[PDB]
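Scroll down for the structure; my scribbles are underneath it.
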Amino acid sequence: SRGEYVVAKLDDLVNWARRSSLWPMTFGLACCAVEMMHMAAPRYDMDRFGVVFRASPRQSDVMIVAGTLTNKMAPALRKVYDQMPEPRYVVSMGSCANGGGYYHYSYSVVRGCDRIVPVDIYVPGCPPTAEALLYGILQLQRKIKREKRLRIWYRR
Amino acid sequence: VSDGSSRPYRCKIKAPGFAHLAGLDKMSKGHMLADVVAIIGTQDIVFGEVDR
Amino acid sequence: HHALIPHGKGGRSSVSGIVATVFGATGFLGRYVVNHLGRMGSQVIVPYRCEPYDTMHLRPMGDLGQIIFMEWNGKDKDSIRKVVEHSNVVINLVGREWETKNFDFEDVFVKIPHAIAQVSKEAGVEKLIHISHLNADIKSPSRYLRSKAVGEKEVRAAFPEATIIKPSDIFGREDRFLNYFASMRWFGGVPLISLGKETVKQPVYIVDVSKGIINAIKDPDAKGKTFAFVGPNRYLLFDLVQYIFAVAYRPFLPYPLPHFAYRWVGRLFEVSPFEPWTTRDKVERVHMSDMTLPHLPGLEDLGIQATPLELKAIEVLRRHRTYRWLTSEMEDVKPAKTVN
Amino acid sequence: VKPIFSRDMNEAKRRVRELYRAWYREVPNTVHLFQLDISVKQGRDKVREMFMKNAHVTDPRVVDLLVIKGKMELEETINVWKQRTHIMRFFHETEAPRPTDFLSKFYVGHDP
Amino acid sequence: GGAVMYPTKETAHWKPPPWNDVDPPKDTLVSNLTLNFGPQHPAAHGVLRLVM
Amino acid sequence: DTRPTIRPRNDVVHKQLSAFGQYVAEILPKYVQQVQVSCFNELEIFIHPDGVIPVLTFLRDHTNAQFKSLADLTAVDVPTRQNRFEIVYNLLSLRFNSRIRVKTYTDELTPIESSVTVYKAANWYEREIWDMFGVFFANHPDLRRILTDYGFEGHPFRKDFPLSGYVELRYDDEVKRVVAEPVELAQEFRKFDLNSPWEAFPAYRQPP
Amino acid sequence: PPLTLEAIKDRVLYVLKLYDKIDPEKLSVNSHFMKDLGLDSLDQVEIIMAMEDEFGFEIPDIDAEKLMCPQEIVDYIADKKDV
Amino acid sequence: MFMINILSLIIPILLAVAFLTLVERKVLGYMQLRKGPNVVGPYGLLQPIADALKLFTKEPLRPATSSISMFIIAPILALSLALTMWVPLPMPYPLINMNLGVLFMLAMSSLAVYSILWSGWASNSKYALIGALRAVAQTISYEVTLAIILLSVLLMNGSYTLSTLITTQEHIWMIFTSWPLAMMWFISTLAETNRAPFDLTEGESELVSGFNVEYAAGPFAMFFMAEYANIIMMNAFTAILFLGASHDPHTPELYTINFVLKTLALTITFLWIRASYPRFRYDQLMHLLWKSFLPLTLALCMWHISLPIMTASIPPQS
Ligand SMILES: NC(=O)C1=CN([C@@H]2O[C@H](COP(=O)(O)OP(=O)(O)OC[C@H]3O[C@@H](n4cnc5c(N)ncnc54)[C@H](OP(=O)(O)O)[C@@H]3O)[C@@H](O)[C@H]2O)C=CC1
Ligand code: SF4
């Protein structure tokens, strides 16, 4: 039908804009934040893909949890995530943020940021290489490309 | 600290930035907010070693 | 056949043997039902027809592998089969307060319930928890409550040993009842039929309803029983809305609107292709007084004591206050008059 | 043994009362500042409950240490170093009630 | 002596001015701003809560 | 012995450290209980817990001991002693290019005089010792939690404190906040028994 | 308006009535808190704090330990107010 | 036809702002051994469109502590004034020809400040309040010097009419006559637009996001557009004032092109300065503008008052 075609084309336009102008917040916790800086380094240049590191959570689209998420830090991470205006995405970088990593059996480490915020992409490594994080972000762009938000609305 | 076994009994780590950050208030006396940003950077602090 | 021995301490990493398929878990009640199931260590299967993004908030509710997401179609029994095939409990929460283009109250409160109940028997599911509405009448003024009664009979026909729950007006953080009245401030006054003096409502907290569903599954005697989940206090519509505008610190301007005019206003808001702000059935349901059914067990029989609205109303309506009245406590506002 | 702050239990009890007054007069501010969804009575009862947990203590050194930790907890609350999550951790809500009856324990699991 | 020659009940509570007209300074001390230079801040290295 | 595998031993520094240990013991016999020099040229002075301030102030101000830098301040938990907590002071002397160690002991209740007046670095070190072990330092300008969570209960670096702790955090959708719950592990920490049943070093054999 | 002993007694008894744990049957100017009303040390501390709020002065714990009866509270308030 | 002219002065300016975002990103990248947006569209030409669509499809949040009325009015004032300050610009013919267009520009800039003030105040956040106070301090420091330098350089123009600037510079750029005033005016324009070494109102590395920290989606896009439109407009003002261009009355395109190129060069220098220097401390900004510029601006004002009289070169009134 003509209705589905317009909605599908509109959905592609909306998805293309969101996935090609991802704005991660400047949020780094540990060793993995250093490799995150190397993704913004000239060699890999995350800004080349439109991925620009905004500072305030209210002006961001992705939260890249890069580092160990301690118990003392967990409430701060959740509130900063909640203050992100939707649509917002979470990318877990490093084994520390995935399932606790080296400090899984620690009295003051949350066993993965998944227990605090919903995660869209898990980037494995300790630390994941700057390409591995870039691969995860480019994988997130593909995941957003497969978002039929308006197309489902037309069929609700 | 070694007890004779193959696992260390106690391993205290002395972070150089642990003492430097303790004196942040001492150094940032009479300085503005923008100067504290400078003072934090000049101490070369990585919180992995500070928070062992 | 799928019988599991509970293990652990009932925590996040425990095993409870409560493998469940919560239909319509992407909704106000669904979130709490899944969260209660997830925290006990239950294999929760969440069917969804929306975008996986909308299901993201359900992900942290369970341990690794304890929350499985798989798509389903309400008009495809095959999709229902693959989502209830390995479940020993099935909970039906699918329900929309407004008729859509492709789904009407009959399709959501009669056809789907019947399909879920029918397929569950085929797969051998042990326990089914159906959620109707306290005021479900075969001759009710509202089509929403009309279909809610027809589907109730069909579920018992398809699934004879199925627990049926009839919540009154669930209220909570993401509710469309307390937020509904508090959002009427944008339209100036508060239109109420007969100034809300001829309607009695007995709202129920969202947590109590969710815990009642979980306790119903745990209870071995809930099979075949029909429960009615109601709050501990009955309020007049005018008194309840005034209390809603009281803890919200909003100027309460109630003006009586005739029934035909209010129905006309409801029709205007149905034009919106998105979620309507109000509906003609929404108007009739709000004006309809809550039924009293002392012949049915409630939350008390399941061990959960209903929480009074006064204790849990500050949570819902705090976001509706201005900066002036954000830090005000929950004790300054006096409880409204209850018709008990 | 060398004392910490008090040489007698009466002296130690004095500091406990001083801490309780500070805690009792802080609860209205804690509910207001943290925007808690509880009543002032609930917080003040909770303060009483936590004090009553350490009621069997008889060693004055332990009493002083408990008050020292009590003041530290109060300072975090006054300075809003704690958050709403930290304050509401005393009111265990997500934790399911664990019955203390033998037959109830027997039904649930192998817990001794 | 006193504030006025013919004092009344209301005026009797009011005391005479200081001898050097220097009113005792008030103790309404100005409170500072407890800004939270918290973890999210870009200059805080992500895991530093600076309560200034 | 000799040859590349072994580590060379310097006797000159050993003699100097032994002489300085005798010097310190002579000057401060009221608090010094024992003096040792390890084979790798590290000097340790053992001090009665009341001698923290006097001995440290001597080692900081004395013309023949200018240990003006507090290298480290830690505690060692040995739960087999009456005074399980062993407080260790690491000092550095830039004037004589040497280091010294001061070791005291304390119980779970007996406080220790705070060396903030001696070294201003001891502030956060004593805060960390209190947070991790529970040792209380009297006359401390600001003693509170430095490394653990704000509502944390217990001192983790104690030998009897479990590795995984007692509580864990997660986000609950009902209460809209991070909540603490008793720790439950998907996989238990597999404890390994690694010690060999055969004596490795005959030089450290304890009497039967 | 000058302060009177009867006014102090009435205000003290009103504050005691406001306290929930105090049963009005045993409540009298002479009735001991712990011995008769059935109160704890912490309950007495809460009562002292309520009296401080009512009368707007600070009672050190040294005096609060002495205060055990409503008449004793009235006497302390009168002495502090010179009434 | 006048409405068509209004649209042909507003929509192209918004497109220029949108693509100036991309130009800035790519210039910073290539000055940082990087590559600017290069994936979205050919050479990144589709990046601004993606950014705009994302921002306007992003959920805007209304802070609970914020005063809604001011919080919404501030962005509107910022953009409306940013689009209005282009009305009197002579390129070569001004849309609205005012005898005192220069004072109109000054007044419009002075009003635009309240956008940052109210956005900061109404945001009801500590960082936003700090950003608003920093904006206040910034406008305290540059306004006097800005006005004095502008007056001194217009003393050789004969009037505050902007169009006359083209005639005055018919044989020679006015920068050859007031290059110290040109330098000070350039720095004052940098400080005014909350730009390079003077990005104190926003303070990304010190105030997270400054006054606009609580702004998201559409309103944030409006503030960004207003900021960059003010950048381009101020660079255009610098071009017409000092870097005069030839105007053949029968071929206005010649001026338009020369003007555009000069404005583009000045904007590129703005980005160049942004990626070359550290940020000032606003105490140091105020001290500089009050103790190194202001005395010199007063001295040069005296000089440029006395010079036409002492050289019998007073410009015509009409
Ligand atoms: N106060 C109340 O809300 C009361 C409600 N009830 C009934 O109990 C249940 C409680 O659910 P509630 O929290 O209100 O849910 P919501 O209205 O918040 O959300 C409806 C849920 O049902 C799903 N759903 C609705 N229609 C369809 C459809 N045609 N096909 C597939 N899925 C569908 C939705 O999935 P999706 O989001 O993807 O569309 C969503 O998960 C409902 O059946 C409700 O009518 C009874 C008494 C009181
Ligand atoms: S995953 Fe490895 S590198 Fe990354 S933060 Fe954890 S420990 Fe550091």
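Chain lettering (A, B, ...) mirrors the order of the structure tokens, residue numbering begins at 1 for each chain separately, and ligand numbering begins at 1 in order of display.
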
All residues having an atom within 8 Å of ligand 1 (only C-alpha atoms and all ligand atoms) as a PyMOL selection string
(chain A and resi 156) or (chain C and resi 23-31+48-51+54+72-74+92-97+102-104+107-109+112+131-134+148+166-171+174-177)

May I have the residues of chain E within 10 Å of chain A, counting only C-alpha atoms, written as a count of residues only?
12

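Neighbours of residue 51 in chain E closer than or equal to 7 Å, with only C-alpha atoms counted and sequence neighbours fewer than 4 positions away skipped, come out as residues 34, 35, 36 and 37 of chain E.
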
Could I get the residue neighbourhood of ligand 2 at 9 Å, counting only C-alpha atoms and all ligand atoms, as JSON, numbers by chain?
{"A": [29, 30, 31, 32, 33, 34, 35, 66, 67, 68, 69, 93, 94, 95, 96, 97, 98, 100, 101, 102, 103, 124, 125, 126, 127, 128], "B": [48]}

Output as JSON, numbers by chain the set of chain C residues within 9 Å of chain F, with distances taken over only C-alpha atoms.
{"C": [8, 9, 11, 12, 13, 14, 31, 32, 35, 36, 39, 57, 58, 60, 61, 63, 64, 173, 207]}

Using Å and a single decimal, report how far CA of residue 267 in chain C sits from CA of residue 279 in chain C.
6.4 Å

Picked from chain D by DSSP as alpha helix (DSSP H), as a VMD selection string:
chain D and resid 9 to 34 40 to 53 60 to 78 84 to 87 102 to 108

Skipping near chain neighbours, those fewer than 4 positions away, what residues fall within 10 Å of residue 154 in chain F using only C-alpha atoms, listed as number ranges by chain?
F: 131-134, 148, 158, 161, 165-166

Within 9 Å of chain F: residues of chain D, using only C-alpha atoms, as a list in words:
residues 1, 2, 3, 4, 61, 62, 65, 69, 72, 73, 76, 81, 82, 83, 84, 85, 86, 87, 88, 89, 92, 93, 94 and 95 of chain D

Residues at most 8 Å from residue 190 in chain C, counting only C-alpha atoms, excluding those fewer than 5 positions away in the same chain, as a list in words?
residues 184, 185, 252, 253, 254 and 255 of chain C

Could the residues in this selection be written to a file with C-alpha atoms, as a compact mmCIF listing (two decimals), in the first residue's frame?
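Contents of part.txt, as written:
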```
# COMPACT_ATOMS: atom_id res chain seq x y z
CA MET C 184 -6.50 17.49 32.86
CA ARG C 185 -5.01 20.73 34.22
CA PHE C 252 -8.64 22.46 41.29
CA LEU C 253 -11.42 23.94 39.12
CA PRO C 254 -14.24 21.37 38.78
CA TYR C 255 -17.14 22.21 36.50
```

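Across the structure, CA of residue 260 in chain C and CA of residue 240 in chain C are spaced 23.0 Å apart.
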
Give me, as number ranges by chain, the residues of chain G touching chain D, with the criterion being at most 8 Å (counting only C-alpha atoms).
G: 42, 45-46, 49, 61

Can you write just those residues out, N, CA and C atoms, as an mmCIF file, in the first residue's frame?
```cif
data_model
loop_
_atom_site.group_PDB
_atom_site.id
_atom_site.type_symbol
_atom_site.label_atom_id
_atom_site.label_comp_id
_atom_site.auth_asym_id
_atom_site.auth_seq_id
_atom_site.Cartn_x
_atom_site.Cartn_y
_atom_site.Cartn_z
ATOM 1 N N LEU G 42 14.966 6.356 75.261
ATOM 2 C CA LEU G 42 14.808 7.058 73.991
ATOM 3 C C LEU G 42 13.472 7.788 73.926
ATOM 4 N N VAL G 45 13.999 10.904 75.761
ATOM 5 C CA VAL G 45 14.764 11.838 74.936
ATOM 6 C C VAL G 45 13.852 12.519 73.920
ATOM 7 N N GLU G 46 12.956 11.748 73.301
ATOM 8 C CA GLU G 46 12.006 12.330 72.358
ATOM 9 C C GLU G 46 11.083 13.325 73.050
ATOM 10 N N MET G 49 13.025 16.492 73.581
ATOM 11 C CA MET G 49 13.124 17.234 72.326
ATOM 12 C C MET G 49 11.812 17.944 72.003
ATOM 13 N N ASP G 61 21.778 17.110 77.956
ATOM 14 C CA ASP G 61 21.411 15.771 78.412
ATOM 15 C C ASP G 61 21.631 15.607 79.911
#
```
